[PDB]
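Descriptive analysis of the structure
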Amino acid sequence: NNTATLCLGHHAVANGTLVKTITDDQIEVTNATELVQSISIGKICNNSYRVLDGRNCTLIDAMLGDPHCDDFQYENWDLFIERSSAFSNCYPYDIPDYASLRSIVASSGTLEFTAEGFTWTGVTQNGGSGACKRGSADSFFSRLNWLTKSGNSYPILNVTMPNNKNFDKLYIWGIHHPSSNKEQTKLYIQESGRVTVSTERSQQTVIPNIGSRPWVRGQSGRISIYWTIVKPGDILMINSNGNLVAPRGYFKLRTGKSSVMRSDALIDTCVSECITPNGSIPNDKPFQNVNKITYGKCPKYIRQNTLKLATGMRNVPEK
Amino acid sequence: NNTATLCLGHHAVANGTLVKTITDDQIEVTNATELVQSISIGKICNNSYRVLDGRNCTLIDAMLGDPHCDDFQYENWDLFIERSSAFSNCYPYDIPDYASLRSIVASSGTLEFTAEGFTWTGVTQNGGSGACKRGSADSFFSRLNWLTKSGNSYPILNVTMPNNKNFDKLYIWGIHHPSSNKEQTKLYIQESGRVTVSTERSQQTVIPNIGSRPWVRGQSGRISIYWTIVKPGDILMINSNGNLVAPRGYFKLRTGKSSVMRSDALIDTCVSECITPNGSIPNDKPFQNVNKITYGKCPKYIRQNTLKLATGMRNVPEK
Amino acid sequence: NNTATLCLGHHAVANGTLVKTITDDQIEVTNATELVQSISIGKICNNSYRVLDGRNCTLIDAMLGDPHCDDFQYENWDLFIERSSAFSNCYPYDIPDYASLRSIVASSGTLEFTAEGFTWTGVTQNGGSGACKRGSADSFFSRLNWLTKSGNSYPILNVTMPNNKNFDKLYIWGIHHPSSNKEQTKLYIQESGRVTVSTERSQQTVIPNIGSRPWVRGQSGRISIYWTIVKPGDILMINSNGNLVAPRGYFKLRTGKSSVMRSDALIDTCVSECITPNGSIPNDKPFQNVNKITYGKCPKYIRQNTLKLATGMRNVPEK
Amino acid sequence: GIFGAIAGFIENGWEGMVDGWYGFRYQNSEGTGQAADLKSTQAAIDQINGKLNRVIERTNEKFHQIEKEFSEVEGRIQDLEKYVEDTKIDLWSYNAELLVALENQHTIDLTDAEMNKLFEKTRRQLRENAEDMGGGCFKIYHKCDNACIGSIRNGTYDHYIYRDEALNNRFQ
Amino acid sequence: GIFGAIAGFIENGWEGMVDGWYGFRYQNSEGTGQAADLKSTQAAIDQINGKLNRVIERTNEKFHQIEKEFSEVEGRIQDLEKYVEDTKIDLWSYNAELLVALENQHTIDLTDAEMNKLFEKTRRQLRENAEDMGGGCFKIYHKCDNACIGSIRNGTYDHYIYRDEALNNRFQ
Amino acid sequence: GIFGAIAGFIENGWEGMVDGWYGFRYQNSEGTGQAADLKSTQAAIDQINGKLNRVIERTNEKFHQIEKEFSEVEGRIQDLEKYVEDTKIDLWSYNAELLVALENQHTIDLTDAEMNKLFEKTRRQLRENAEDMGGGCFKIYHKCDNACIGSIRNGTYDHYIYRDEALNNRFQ
Ligand SMILES: CC(=O)N[C@@H]1[C@@H](O)[C@H](O[C@@H]2O[C@H](CO)[C@H](O)[C@H](O[C@]3(C(=O)O)C[C@H](O)[C@@H](NC(C)=O)[C@H]([C@H](O)[C@H](O)CO)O3)[C@H]2O)[C@@H](CO)O[C@H]1O
């Protein structure tokens, strides 16, 4: 004996997985790993971030101060969850550029409220309504204040509230729209209503509109909600002669990392640093096909439901 | 012979083609194929998609119902072509947020019109003008309805149109702007004009303006075009007291695959699944430099007008 | 000797540089080069481009013609530099859609002013104020013209300034907001003032508002600034019965390569084709981490502060 | 792959071989055998571990983003908000597809190479004591038991010892 | 080429070769001839057609989008609509350029590798019956008529048959 | 690299070599010398300059863009402006990070392949007058002075001249 035979080679596996390459569309390798997060947990986790269940309240209803949203008067959040089963159980209201106001409150990430004693001379405060019951008796949005004529006349109101603080003050206010012509002179005396909120930088003048609207829990009127931000040093000034929905104070704006999301998912105890409308997902992968709406330390959404990254050589089994 | 020579090698060609790589800015290869679709047919194709030529009508002129756009009363499209050679031959008008209405009508991709019998009490209908001749005699937009005083007084109108259909109704309406103060009290009796369209979720109130505008085929006035979408279950409600340009009915909205495109090209019989302002192009290549505006199954636009992909080895001929 | 050894090798170094790869995160090569421009000169080079320091004037202050911005009446620029230490020393004004006007002027790249003769019958021109001194005596925005009643009455003015020129004219105009009800009848006689600019392709009607604003250098009133572009052939028309801030003429629009930049950077003599808010940077590296705001032939901004590019083989020294 | 070792000049893989990614199969005086090579295996595993750690290093921490779903139809600005999110996703989708295409095409190549390297590293050891049969198989022309083949695995085969014997058996 | 075969140790290609991409030219007792290989030619054309199917015919379907051309100047939001479209065109243009670059650089490498694989394939057949002249050419040290070449072309050349003749011609 | 020459069968580089990227070393009847190989060094540095010219061939001129910083809080359209920019940055950040990774990987590959190309070129010249010692070293079996070594460096070594002596020294 005086010979040998040394041969070389590589391993193989029975079940090789398929992957995509520059050349071959479907090629089989010994192993792979998924880079697209396709599945989810099914419920939102709330140990990583402070998730606040919005319940039947929307972000703007809770902001205004709706009778059934008295729980969210001073509470704050990292993420707010608006439910599709949400209602507004107070006066019928609309907001031009609704989303802007919604976004500002969401980005702020809080609803704390510092009240301020305005000088309301010659008018009556705490104006209520039957279509906004705070328990049972008539009421109104807690952060707002419905003013009406005090006795025989309505004086041209004039108040100022200087910002001596070192942050952006957010005053929420509005204007009222009576149902009929008798009602303008009844509640507010003055024939032509008007409101003029103005800073040193800008102005906002609004005019009411007397006319019937659809039936909303016993009312054919409206209240157009507006808002005004005031910077450090800058001064607030309101100048109205009727139909003024006055502010009780201001919200504290902060440059935070807070947001809002429309979801109907369950929010139970667990840890997961990404959140989608279908609950939390693991952020170990770089990509995902769960949902385009994301919050927190999340992977990037893509159209594909799977992408296989080969983690082993080309499989070529025996015959 | 007790020997033999064996030389290996590769093929070559005289007229090669240059390509770009990671290293070489220009290197010659045996073969290449074009990835940039730089050329075009010069005419839009019409067998793949229903392409509808607007001609002298714009999308909104045909929508409103301009005398010269009686052809496009009930027609629908996949891609509507607005010509540069196009005019408005009716009452002088304008639209706040013109592009939004043009976009919603284009995405709707239809102009079928279901009329509705509104209860107009104390006002005359079917108002017309000399600047909007329908054949010969005076007329107006076919989907709008000019309301004026009937005799001695103009009453405060108050109609209601409930949506019992299960889709989004689009009511097109507007307001009239008289040229003079005499014309306000002449045509509409009431001194101050006003219009208030209001659904359950929102409210739109508009005020007219008495003043002289430029001379547009006789008329020194204007009509601002508005619109209001009404969801299933919601109810429509107008509250006016003069200057009301009433809606005849509603258009039928739908989430389709339709759009609108500005083009002065010829639409001749051919087949292609990609349309541009220049015409149709073949979508076999993945890129194109013809036009950034595209519609259908098209290749993406890029700044490059040519990209030679290598379909062969490096070319190196004989001496 | 009857034999010969013949070894092959490659060079190595004592202080190699680390880089990232597809496999290795920190692999050491002989030599690598930076691709992310991190440092800046600390000043804007104003030879590569005509850079104009606004100084204490904002681009809109100089446009209107603020007393302390008389230097910038005919001056043009490639890059206008707004400063943080800039003020508005004239009448208290605001602009709805402010940034839009700021963009149009900055993009045009010129404040050259061609004046025109308007027939202002029955009113007085060159109205001024104490909060806008031009040396000492009362003055106003040089390109605007404050009109008030002549003697006993304010006639309903109505002027036409046709565009016989072959370019886009940009007229600047506005509306005055008095502080009190006396002032409306004092200055403008007519009780309800109004301004109605209207081209052939659009209309812009505005209404003033009588009310107190904050104390701005004496004045408790406001002036809302507006603008109207007129295309070749199209005619300009104004129609007012009070509160008209008349246009002196028009600015020349042009599709230039100009822009505006907020900066407190020093502007000294040098040459550089990329200008940031931090000063110019060299445009030889493809990426930069100095600022996301840019002007000129600039590298693309990224979040990374350094990305080394191997310009040599793997380094392996002797033991 | 491109080097033509895996699924190239080597016929196929070995499912028997479970303790490594690469190795030898021999026939000698003390019967036949199989041995997985640890160095070349470990190398290829490190490169693929390196890829994983690079792709699975970071996921960006985002907070308040734009509205991507809507109830009502607004018109102008809602279309732009859709178009940004539509364009954003299309670009990342392509970035994901291209990445996984490049990576895997590179993965098959570096693994193919590590076969071709081990084959050559073994040719270079044997010198003129062994010829190349074909299909990744050497014909050694001398008596090499499991200790000798052991020196061929570890990288300590001294061809001088067996040279005279092997050069005799090749050319007689 | 990164393997150094095409435009490397092979001086140049043959314009006369019109029956394939790679091939053999030979001199022998029966004269001189040329023939193109079909296997190594096929492999290269399969990898190129593989790329060409991936890039081609995945054009996406897009319907209603934002406006990208404007008559009047609107300021704030118009600039954004242009900017988003500007951002889209730049990123896709980059991607297109990067794709084309990587594909072409890989196209030259796989066509280069194939040439090199066909060479080592031939060496392996010839065992100790032929030396490496240079220029990718082989000196076969025995009489090799067209039948002997035909066998080499089809991968059925048996070196044992011609060993004793060749091995003697190489060493005397 | 992937070719396993640099940081491979060539155990380490040469800090002594200061006049080239790849070169030779030797020992013979006229002492012991070192000598760079320029053609390989020139092939290496041309490609790297190619990459660096391709990366540095354009910086897109850009003028009036959207506002990327704000003072007040506006709401809807301000988010979209921040989002469009934030999206744009992330995508370029990726494009920059991948480019670096791919390019650097290719750099270590093409530098390695050139090291190997030179080795196979030098082998091919020697023919049967030298055997691979391993470590990236040959052993020539005849007296090869600097005149002899010089012919190899300049690609002009005739094996026939030294065949008999070497072929006799290898097998006796
Ligand atoms: C506390 C007190 O006693 N105050 C009054 C004080 O109001 C008043 O001062 C004048 O007030 C009027 C408004 O009624 C103007 O505001 C005056 O400002 C001037 C100015 O800017 O210099 C005069 C100028 O001629 C005016 N120009 C025009 C075209 O009207 C402007 C203009 O009216 C307004 O400013 C715009 O709102 O104002 C201001 O001096 C004085 C004099 O009545 O008496 C004090 O007792």
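Deposited coordinates in this entry are attributed by the record to X-ray crystallography, at a stated resolution of 3.20 Å.

A few points about the overall build of chain A
Check the secondary structure of chain A and you find three helices and 31 strands. In summary, chain A has a C-alpha radius of gyration of 30 Å against a globular reference of 20 Å for 319 residues, an excess of more than 25%. C-alpha atoms of chain A, sized along the principal axes, occupy 125 × 45 × 35 Å. Going through the 319 residues of chain A one by one, you find that 58% of them count as buried.

Topic: the relation of the copies chain D and chain E
Under the fitted operation, chain D is carried onto chain E by 0.1 Å of movement along the axis and a turn of 121 degrees, and the coordinates agree to an RMSD of 0.4 Å. The transformation just described matches what one would write down for a three-fold rotation axis. Measuring from the rotation axis to each C-alpha of chain D, the shortest distance belongs to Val 84 of chain D, at 4.0 Å.

Some words on helix α4 (residues 159-170) of chain F
All names here are of chain F. Given a rise of 1.5 Å per residue, twelve residues ought to cover 16 Å, yet the end C-alpha atoms of α4 are separated by just 14 Å, more than 12% below that figure. Of the residues making up α4, those classed as buried are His 159, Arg 163, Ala 166, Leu 167 and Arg 170. Taken end-on, α4 shows its buried residues confined to a sector of 105 degrees, consistent with a single buried face. Residues of α4 that are exposed and point more than 90 degrees away from the buried face comprise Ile 161 and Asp 164.

So, the site of the ligand
Residues and elements named next belong to chain C. The full set of residues close to the ligand is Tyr 91, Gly 128, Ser 129, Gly 130, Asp 138, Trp 146, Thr 148, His 176, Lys 182, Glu 183, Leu 187 and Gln 219. In the environment of the ligand, an oxygen atom lies 2.9 Å from a nitrogen or oxygen atom belonging to the backbone of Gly 130. Contact with the protein chains hides 43% of the accessible area of the ligand, taken as 830 Å² for the molecule alone. Those elements that provide at least two residues to the shell around the ligand are β12 (129-133), β14 (144-149) and α3 (181-187). The greatest single-element share of the shell around the ligand, amounting to three residues, is contributed by α3. Residues belonging to the shell around the ligand are distributed by class as follows: three nonpolar, six polar and three charged.

What about the interface of chain D and chain E?
Across the boundary between the two partners, chain D contributes 32 residues, which contact 34 residues of chain E. Carbon and sulfur atoms supply 58% of the area that chain D and chain E bury against each other, a total of about 2,900 Å² over both sides. When residues of chain D are sorted by the area they lose upon contact with chain E, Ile 2, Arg 76 and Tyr 83 of chain D head the list and together hold 24% of the total. Linking chain D to chain E there are eight salt bridges. When the shortest N-O distance is used, the salt bridge between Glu 81 of chain E and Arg 76 of chain D registers 2.8 Å. Between the two partners, chain D and chain E, sit 13 residue pairs in polar contact. Looking at the side of chain D that touches chain E, the elements with two or more residues in it are α3 (76-126) and β4 (130-134) of chain D. Ranked by residues supplied to the side of chain D that touches chain E, first place goes to α3 of chain D with 19 residues.

Here we look at the interface of chain A and chain D
Counting residues at the interface gives 62 residues for chain A, matched by 69 residues for chain D. When the two sides are added together, the surface that chain A and chain D hide from each other amounts to roughly 6,000 Å², 61% of it contributed by carbon and sulfur. Considering only the side of chain A, the residues that lose the most area to chain D are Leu 6, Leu 8 and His 10 of chain A, jointly responsible for 14% of the buried surface there. The tally of links between chain A and chain D comes to four salt bridges. Summed over the shared surface of chain A and chain D, the number is 30 residue pairs in polar contact. Contributions of two or more residues to the side of chain A that touches chain D are made by β1 (4-10), α2 (98-108), β24 (259-262), β29 (295-297), β30 (300-301) and β31 (308-310) of chain A. Counting residues per element, the side of chain A that touches chain D draws most heavily on β1 of chain A, at seven residues. When grouped by side-chain class, the residues that make up the side of chain A that touches chain D number 27 nonpolar, 21 polar and 14 charged.

Description of unusual backbone geometry
Positive phi values are uncommon outside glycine, yet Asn 243 of chain B reaches one of about 60 degrees. Mapped onto the elements of the fold, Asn 243 of chain B is located in the loop between β21 (235-237) and β22 (244-247). Relative accessible area serves as the criterion here: at 0%, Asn 243 of chain B is assigned to the buried category. In this structure, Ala 7 of chain E is a non-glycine residue whose phi angle is positive, near 55 degrees. Mapping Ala 7 of chain E onto the fold places it in the segment before β1 (22-28). Here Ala 7 of chain E falls in the partly exposed class, since its relative accessible area comes to 38%.

Let's talk about the state of the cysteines
Tallied over the entire structure, the rule returns 18 disulfides over all chains. Here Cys 7 of chain A engages in a disulfide with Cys 137 of chain D; their sulfurs sit 2.0 Å apart. Around the S-S axis, the bridge from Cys 7 of chain A to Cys 137 of chain D shows a dihedral of about 115 degrees and counts as right-handed. Of this pair, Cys 7 of chain A sits in strand β1 while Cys 137 of chain D is found in strand β5 (residues 137-140), placing the two residues in two different chains.

Some thoughts on the sheet that holds strand β19 (residues 203-206) of chain A
Sheet strands pair via backbone hydrogen bonds, and the direction of the pair is either parallel or antiparallel. Residues and elements named next belong to chain A. Taken in spatial order, the four strands of this open sheet run β16-β21-β18-β19, and their pairing is antiparallel. Strands with a single pairing partner mark the edges of an open sheet, and in this sheet they are β16 (158-162) and β19. Direction aside, the axes of adjacent strands within the sheet are offset by 10 degrees on average. Sheet analysis places strand β18 (residues 195-198) next to β19, joined by four bridges and oriented antiparallel. Looking at β19, one finds that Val 197 is bridged to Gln 204.

Let's talk about empty space enclosed by the protein
All chains considered together, the criterion is met by 19 cavities of 30 Å³ or more. The calculated volume of the largest cavity comes to roughly 570 Å³. Lining the largest cavity are 26 residues; nearest its centre among them are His 106 of chain D, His 106 and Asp 109 of chain E together with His 106 and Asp 109 of chain F. For the lining of the largest cavity, the secondary structure elements donating two or more residues are α3 of chain D, α2 (76-126) of chain E together with α2 (76-126) of chain F. A breakdown of the residues in the lining of the largest cavity according to their chemical character gives 14 nonpolar, six polar and six charged.

Description of the environment of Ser 85 of chain B
All names here are of chain B. Within the fold, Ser 85 resides in the loop between β8 (79-82) and β9 (93-94). As for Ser 85 and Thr 58, which are separated by 27 residues in sequence, their C-alpha atoms are 9.5 Å apart. Non-local contacts of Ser 85, meaning those with residues more than four positions away in its chain, are made with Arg 55 and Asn 56.

Regarding the packing of aromatic side chains
Tallied over the full model, the rule gives 60 aromatic pairs over all chains. Taken together, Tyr 91, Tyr 93, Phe 140, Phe 141 and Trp 146 of chain A form an aromatic cluster joined through their ring pairs. Cation over ring: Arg 143 of chain C sits above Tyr 74 of chain C, and NZ or CZ is 5.9 Å from the ring centre. Sitting over the ring of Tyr 250 of chain C, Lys 169 of chain C keeps its end group 4.4 Å from the ring centre.

Quick word on the pattern of salt bridges
Between side chains of opposite charge, a pair can form when the charged atoms approach closely. Residue and element names in this part refer to chain C. Inspection of every chain in the model, using the stated rule, returns 89 salt bridges over all chains. Residues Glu 116 and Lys 169 are paired through a salt bridge, measuring 2.9 Å at the closest nitrogen-oxygen approach. With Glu 116 in the loop between β10 (113-115) and β11 (123-127) and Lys 169 in strand β16 (residues 169-177), the pair connects residues that are 53 residues apart, well separated along the chain. Classification of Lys 169 as buried rests on a relative accessible area of 1%.

Considerations on helix α2 (residues 98-108) of chain B
Since the α-helix advances by 3.6 residues per turn, residues separated by three or four positions end up pointing in the same direction. All names here are of chain B. Taken across its eleven residues, α2 has eight buried, putting it largely inside the fold. Along α2, the positions that sit buried rather than exposed are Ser 100, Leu 101, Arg 102, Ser 103, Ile 104, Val 105, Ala 106 and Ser 108. Within two residues after α2, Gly 109 carries a phi angle of roughly 70 degrees, on the positive side.

Thoughts on the environment of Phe 70 of chain E
Secondary-structure assignment places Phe 70 of chain E in the loop between β3 (61-62) and α2. Along the chain, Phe 70 of chain E and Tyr 141 of chain E lie 71 residues apart, while their C-alpha atoms are 79 Å from each other. Not counting the four nearest positions on each side in its chain, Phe 70 of chain E is found in contact with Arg 76 of chain D together with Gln 78, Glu 81 and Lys 82 of chain E.

Cut-off values and rules
- Within each chain the numbering goes from 1 in written sequence order, not necessarily matching the entry, and residues lacking coordinates are not shown.
- Chains and ligands are labelled by the order in which they are written, letters from A for the one and numbers from 1 for the other.
- Excluding hydrogens and water, the side-chain values take into account all heavy atoms of the structure.
- Secondary structure elements are defined from DSSP: runs of H or I of at least 4 residues count as helices, runs of E of at least 2 residues count as strands, and each element is numbered from the N terminus.
- In this treatment the radius of gyration is a C-alpha quantity, and the globule benchmark scales as 2.2 Å times the residue count to the 0.38 power.
- Burial here depends on accessible area, computed with a 1.4 Å probe over protein chains only, as a share of the maximum for the residue type. Under 20% is buried, over 50% is exposed, and the range in between is partly exposed.
- Structural superposition of the copies relies on a least-squares fit of C-alpha atoms.
- What a helix should span is 1.5 Å times the count of its residues minus one.
- The directions considered for the arc run from the helix axis to the C-beta atoms.
- We call a residue near a given molecule or strand whenever any one of its heavy atoms falls within 4 Å of it.
- Distance and chemistry together define a polar contact, namely a pair of N or O atoms within 3.5 Å, with one atom able to donate a hydrogen and the other to accept it when in protein, and with adjacent residues in sequence counting only for side-chain atoms on both sides.
- Here the Shrake-Rupley method, with its probe set to 1.4 Å, supplies the accessible areas, and only the displayed protein chains count as covering residues.
- Basically, the charged four are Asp, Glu, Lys and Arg, the nonpolar ten are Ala, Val, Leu, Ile, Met, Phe, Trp, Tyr, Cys and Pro, and anything else, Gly included, counts as polar.
- Any two residues whose heavy atoms approach within 4.5 Å at even a single point are treated as in contact.
- Using a 1.4 Å probe, buried area is obtained as the accessible area two parts lose upon being combined, added over both of them.
- Whenever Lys or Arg places a side-chain nitrogen within 4 Å of a carboxyl oxygen from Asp or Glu, that contact is recorded as a salt bridge.
- In this description, a disulfide is simply a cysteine sulfur pair whose atoms lie within 2.5 Å.
- The criterion for strand pairing is that DSSP finds at least two bridges linking the strands in question.
- Every angle, taken between N-to-C directions, lies between 0 and 180 degrees, and every axis is a line fitted to C-alpha atoms, over only the stretch in contact when it is a helix.
- Points on a 1 Å grid, built from protein atoms alone, make a cavity when a 1.4 Å probe fits but cannot get out and make a pocket when they are open with protein on both sides within 12 Å along at least 5 of 7 lines; residues with an atom within 4 Å of a point are the lining residues.
- Grid points are joined across faces, edges and corners, and a volume is the space filled by probe spheres set on the points.
- Any pair of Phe, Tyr and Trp rings, taking the six-membered ring for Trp, is counted once the centres come within 6.5 Å. Such a pair is stacked with planes under 30 degrees apart, edge-to-face with planes over 60 apart, and tilted for the rest.
- Charge-over-ring contacts are defined here by two conditions on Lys NZ or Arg CZ: a distance within 6 Å of the ring centre and an angle within 35 degrees of the ring normal.

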